[PDB]
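Below is one structure, written out as structure tokens; comments come after it.
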Amino acid sequence: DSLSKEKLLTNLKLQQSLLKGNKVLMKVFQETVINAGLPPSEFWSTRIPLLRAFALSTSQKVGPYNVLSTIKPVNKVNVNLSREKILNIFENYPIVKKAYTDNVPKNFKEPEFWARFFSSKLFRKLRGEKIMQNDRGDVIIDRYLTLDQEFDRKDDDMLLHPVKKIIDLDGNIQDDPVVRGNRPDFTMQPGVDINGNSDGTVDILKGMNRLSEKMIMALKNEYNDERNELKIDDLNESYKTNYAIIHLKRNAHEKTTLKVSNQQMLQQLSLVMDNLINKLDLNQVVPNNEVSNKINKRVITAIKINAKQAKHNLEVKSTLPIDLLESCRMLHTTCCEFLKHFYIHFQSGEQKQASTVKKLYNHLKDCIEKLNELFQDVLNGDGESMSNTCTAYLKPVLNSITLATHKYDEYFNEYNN
Amino acid sequence: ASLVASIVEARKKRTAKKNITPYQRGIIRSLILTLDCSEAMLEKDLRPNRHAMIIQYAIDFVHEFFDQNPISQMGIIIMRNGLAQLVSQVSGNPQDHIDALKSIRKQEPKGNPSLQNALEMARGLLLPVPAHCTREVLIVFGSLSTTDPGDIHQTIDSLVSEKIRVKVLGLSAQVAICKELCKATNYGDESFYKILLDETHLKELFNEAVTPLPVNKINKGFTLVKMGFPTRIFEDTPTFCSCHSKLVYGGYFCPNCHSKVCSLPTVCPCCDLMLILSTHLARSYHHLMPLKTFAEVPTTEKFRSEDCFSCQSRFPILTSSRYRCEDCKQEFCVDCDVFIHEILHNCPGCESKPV
Amino acid sequence: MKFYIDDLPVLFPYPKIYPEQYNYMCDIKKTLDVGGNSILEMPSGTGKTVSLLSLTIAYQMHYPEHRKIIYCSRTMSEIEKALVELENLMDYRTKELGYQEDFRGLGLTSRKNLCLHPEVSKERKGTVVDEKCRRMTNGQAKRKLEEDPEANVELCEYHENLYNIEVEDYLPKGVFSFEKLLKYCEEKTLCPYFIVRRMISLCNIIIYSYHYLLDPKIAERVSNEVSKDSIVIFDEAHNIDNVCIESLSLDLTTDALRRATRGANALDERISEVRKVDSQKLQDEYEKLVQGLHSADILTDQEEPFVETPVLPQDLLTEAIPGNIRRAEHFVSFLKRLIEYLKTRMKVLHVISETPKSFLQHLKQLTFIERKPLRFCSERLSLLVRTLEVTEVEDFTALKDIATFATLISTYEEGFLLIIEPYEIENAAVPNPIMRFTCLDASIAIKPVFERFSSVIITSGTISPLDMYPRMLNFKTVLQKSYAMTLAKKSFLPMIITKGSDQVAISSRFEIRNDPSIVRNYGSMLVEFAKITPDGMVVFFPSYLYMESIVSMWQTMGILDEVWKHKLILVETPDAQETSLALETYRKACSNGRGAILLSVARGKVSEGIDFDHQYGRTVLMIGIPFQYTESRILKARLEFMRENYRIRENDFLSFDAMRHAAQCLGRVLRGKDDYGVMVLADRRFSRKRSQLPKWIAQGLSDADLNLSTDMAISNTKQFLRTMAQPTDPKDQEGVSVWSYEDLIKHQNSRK
Ligand code: SF4
Ligand SMILES: [Zn+2]
Ligand SMILES: [Zn+2]
Ligand SMILES: [Zn+2]
Ligand SMILES: [Zn+2]
């Protein structure tokens, strides 16, 4: 289905679809392929989960439901039609879909059609309403009555299937074919009208049963056992988890990249217990104001250093021209995209990746030179008034990029040379 | 006579926690909470309504899950009007899903549920997930039925084949299909289809769902994983970030490809490698090193001490409230027992006692 | 698990067992030791069939008597249940002993269920199916094809293969299901009906319907190849009196009379043609009747009697045919004037009820036909059909019915009655007269059973009171006790809804049937229970017309549209096949958990062998008292006869039958102890009937539950669902409800 990497890369229409959904994706994609000419497959190669998420979001569909039962008759009536529910009616009733498609594009209007439909007795029949000759219906819609009837016959023919003997009430009533007793009660048998005909409640009940069967066979779509069926689980062994416990052997390496004696510590301990019981003065704790002044110097130095650390506690406010700010952000973004794709190629590790690595190396070099030329532009646009800040802002991505270039050169010298 | 009822209730409670095991429990987690926002949760039957409390409890659940287990990504898909709507991709930042849930606050829950569609696109979202990550889904549900487009059993078989588990927290009562899901997905266990009895029970259930789950021996995936500790800088100049492409005063620096990021514990956007701190990995060590329960000594027998070893307070006097750590042979009060067993994760008696 | 009774080794296919099952086995073994019959009542929520089957198998193997086993039920569903459980038990025994013992046991049913002749299989009337099978395998067809292979009267190759191989060669030992037998006969091209008809003398245990034991026509054959001193058990036959009643009751319609006239004329003209072309066969039959031969005398096994023996064989006439009906033309004129007499009696203007003796006296007053020819009619007609070779028997099935009626009414006089009423439908366009033959007693058919077999076990799950069945049927049992539900915790919650949401009572009375307020209440709690019901719910009205009215007018209110939004709704169709598709739909709907509702009559076809469990049995809406139709002269004559016989209060018996039908409706919820369900009583009048109700049922019926409304019914049901949604510690039931082998040992020592 539409789930492989090849399928997701193939769906150019879906790619354009979420392209048109976003705006920074036009920005990024335009710079990536319209401006830089990157292979758009490798563009989308990162965004594969996003593509699949968009596809699966677009791909779901609802389950069937009794749309005619949700239809209410609502003096006068005003049509308040919902197109999704109109298509729901179409899907649930292909007869109604057909009656739409041979009359509205031929004879009259859609709201006129639906007014005729709500007027029609075919609507009442298809809904849970007993038909009545007092009702006149709509003649145009009610011409489809026998067509819907033969649809019902064909659908019932489809719905017929053999039954399991474990639950077969037909086999149950065919237990004794020579039962000769008495005629059962009118109460508990299906009653009829005065002239022997039925009222049709059996028809409406078999119709709603047909609706249920159509439901469940819509569920039963494309998208022996009695031994298991008759198991009595209540007298069986309880399930126990096979979860594995874990122990932990403990032997850690010592930290890598004079010794005191009991006599000497005991001597000092005796002496300091003697000093402890001897004396203790709070007043002697006051310092000499000179070594204390050096303490003041050290403390104040630490305060100054950490205060300058705290002095640099939406992005930050900047005094850039907004266009050059956007241009440099754009350049940073496409350089980051290039760098990530180059790392993807490099960490992949194949000889098939070699030309890709070389070409992305060329692109990184081009980005470097374009960064330098941008620095020349902000040079002769500022006189290095705040072109220094431009260079420093674009610095760390450039450092990482050129570090990657050095890594590529080093591995080239490692393998080839 | 209330103390006898409290004692027998504590006995019937402790009968479940008598067995404490050092099972291998998942750390690299993958948790999905789908939300239904349908007509059922519009009931004000619990105050103020089911939608509001599940919103609040989901806020708490997000906070607790990210606090305890910051080494997982969190995705939320809402269910509404016969459609399941993705609102939260799996991410390391909880704040994104917090904002998405805040959007879910003001909108109106309505419609009917479709676990088939919900679980199908949850499967699809869970598809590009590495092997060590434990794919598991929490599902909240208030209906007693489910309108669906097609079969659920094919989805059940696919989910079992793709090694993803589920846990259902139903609202009203048991639904047989949800029982079937929990049993078949959960190797025949019935310890996953849970029904609350009040909102406090719902709170306790959410707290229970916070915890990591044990893994199975047959589901063996024992391997290594590449890891990298980054380094934080505090620069004078604001600098462009790789992730959000904007000027940052500080930021960690990539250990491998020397780029910079804005938040942790996150993977690299550039060298594409996971970056953490040792605090984050040690955070689950109480799960890795569980604590034994502490036993009250009986009131009849002679007592080692008459006041609490840890908090240093007098033991109250019918029964004896002296919870003993047999690993350190010291008795403690109930308050200290609660704190050491839940908040703390060490026994100071065993810290003082040399091994 | 396996333990020993005092001399009886016994194996249970599960490690666990219930103490109620143990006491049940104890009393059954006590009954088997003492000899005779006993009545035991047990809560059907515990396992029954497996335990009794294990006891019977252990009894036959351990004791040197090795008596056969007779078990009977109502439906193919119950028979298949027994087959599956028996297969599981014998598989477990084979595994436990490490080897398979020699064993034979099968069921018994119709060719409509069984005849794999694919051409014959495509008919819906089992009578037509059997008739075609006789037409092309009756032996006469085989002989005609043997003398003339050019004759186009084919034979059933299934039957041919069964001719080829022998009766022990038909199957290996053991038990085979209906499905397994279908696979086997599909493989080997064998007729399973014929196979079963030859397995009768060989099966260690035989299972068939209650009809095959009660009706003489389908029971004499069973009595032929059954051992007299086997073991007989009955299950859930607490409504078997109705089967007994219909075993000897018959009705007469105008069109049947017309068909009888046409068939008699066709037979008369055929006899005239045969007398014209070759009178040798007629003279041969006439002289064979002069010697006085009978159906068993002349007919072989491969040919079957046309008019099957309507009466019990203990009451048959075995002497010669009178000369007045001995000739074929004499017998035709005899039957025709019988038809004419019936047409004369046919045109009364009101309700007629007379004794058969009085009818006989009137008949011999008007015409000159005696009880001896009027009894011999069926045998004479069967012989005439056999000689006549009139196998296109379509016009003569009414002749079979009329000969059956004549023979039956000429056989008995006490506990039988004839009802003639001028309207078949009272409230129709025109009245249509009817003659109805009845059998006022029910214990007539059990007399061959009781006097042929001693080791007969009568037991059920919903039989109450125990003494009422020996009251209504002249039999006695050795011990009469029930079993209480030794429950650890409550699992079933019955409610008695004596009032609606507006504190308005509800009842199912047909006069007040079209009451819109009662409709509003009924739809009200129907909606409420639909909204709170998770998986599966069933509704049981007392009558189909009551349904049809009340469902059509809730369809007028559109309440069913609201009900659509939560579950499916399934209604008992008059077609059992569509009903089967409907119950399959309900089954699959509760399987996928989207939820569905069944609508079936309290006496309807669902209620007699279909169980519901753990999502299917969750909550039941029983609708009112399922009283029978009040103005039946048949019912009133029954009431008069049973009151005259056993001094039975009529209204009390009516409440009993209502009573027992309600219990049969509500007994299909709790399959295992793990299951749970809630019961409702949707009538005000039920509150006086808890003393009537079965003991284990009513023990959960608390005194606060005796008169409830919709609101606390809803609250209690929600709280019950909340309760049953919780797990349970095994320690609370490890020794009081679920028993291990050691638990049973400890209990046995405690008894010691
Ligand atoms: S011969 Fe066998 S298969 Fe054919 S109709 Fe008779 S019983 Fe059925
Ligand atoms: Zn950033
Ligand atoms: Zn990196
Ligand atoms: Zn303390
Ligand atoms: Zn300790």
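Just so it is clear, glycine is given a Cβ too, placed from its N, Cα and C backbone atoms.
According to Swiss-Prot, the protein has these features:
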DOMAIN    C:7-285  domain 'Helicase ATP-binding'
BINDING   C:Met42, C:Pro43, C:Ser44, C:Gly45, C:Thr46, C:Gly47, C:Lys48, C:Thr49  ATP binding site
BINDING   C:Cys115, C:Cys133, C:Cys156, C:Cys191  [4Fe-4S] cluster binding site
MOTIF     C:235-238  motif 'DEAH box'
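The structure, with features from Swiss-Prot marked on it.
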| residue | record | Cβ neighbours (10 Å) |
| --- | --- | --- |
| C:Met42 | ATP binding site | 26 |
| C:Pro43 | ATP binding site | 26 |
| C:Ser44 | ATP binding site | 22 |
| C:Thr46 | ATP binding site | 23 |
| C:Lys48 | ATP binding site | 20 |
| C:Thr49 | ATP binding site | 17 |
| C:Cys115 | [4Fe-4S] cluster binding site | 25 |
| C:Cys133 | [4Fe-4S] cluster binding site | 21 |
| C:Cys156 | [4Fe-4S] cluster binding site | 23 |
| C:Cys191 | [4Fe-4S] cluster binding site | 24 |
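In this structure the alpha carbons, written CA, of C:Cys191 ([4Fe-4S] cluster binding site) and C:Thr49 (ATP binding site) are 29 Å apart. The number of other Cβ atoms within 10 Å of the Cβ belonging to C:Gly47 (ATP binding site), over all protein chains shown, comes to 24. Residues in the motif 'DEAH box' (C:235-238) partition by DSSP class (helix H, G, I; strand E, B; coil) as 0 helix, 1 strand, 3 coil. Reported as a whole number, the C-alpha separation between C:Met42 (ATP binding site) and C:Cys133 ([4Fe-4S] cluster binding site) equals 43 Å. Among the binding-site residues C:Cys115, C:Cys133, C:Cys156, the residue whose Cα lies closest in space to that of C:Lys48 (ATP binding site) is C:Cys115. Proximity to chain A (CB-CB distance below 8 Å) holds for none of the binding-site residues C:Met42, C:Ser44, C:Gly45, C:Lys48, C:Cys115.
When the C-alpha distances from C:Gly45 (ATP binding site) to the binding-site residues C:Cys115, C:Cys133, C:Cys156 are tabulated, the minimum falls on C:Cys115.
Looking only at the binding-site residues C:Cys115, C:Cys133, C:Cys156, the one with its C-alpha closest to C:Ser44 (ATP binding site) is C:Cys115.
Comparing CA positions across the binding-site residues C:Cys115, C:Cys133, C:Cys156, the one lying closest to C:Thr49 (ATP binding site) turns out to be C:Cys115. In terms of C-alpha distance, the listed binding-site residues C:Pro43, C:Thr46, C:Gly47 place C:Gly47 closest to C:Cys156 ([4Fe-4S] cluster binding site).
Taking a Cβ cut-off of under 6 Å from any atom of ligand 1, the binding-site residues C:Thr49, C:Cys115, C:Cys133, C:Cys156, C:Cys191 reduce to C:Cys115, C:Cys133, C:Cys156, C:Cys191.
Looking at C:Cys115 ([4Fe-4S] cluster binding site) and C:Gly47 (ATP binding site), their Cα atoms lie 33 Å from each other. There are 24 other CB atoms within 10 A of the CB of C:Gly45 (ATP binding site), with all protein chains counted.
Excluding C:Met42, C:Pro43, C:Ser44, C:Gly45, C:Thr46, C:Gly47, C:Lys48, C:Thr49, which define the ATP site, the same chain contributes C:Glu20, C:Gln21, C:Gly461 within 8 Å (Cβ to the Cβ centroid), listed in sequence order. Neighbouring residues of the recorded [4Fe-4S] cluster site, listed in sequence order and excluding C:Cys115, C:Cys133, C:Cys156, C:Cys191, comprise C:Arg111, C:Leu116, C:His117, C:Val120, C:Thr137, C:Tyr158, C:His159, C:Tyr193, C:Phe194 (Cβ within 8 Å of the Cβ centroid). Nearest neighbour of C:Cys133 ([4Fe-4S] cluster binding site) by Cα distance, taken over the binding-site residues C:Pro43, C:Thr46, C:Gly47: C:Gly47.
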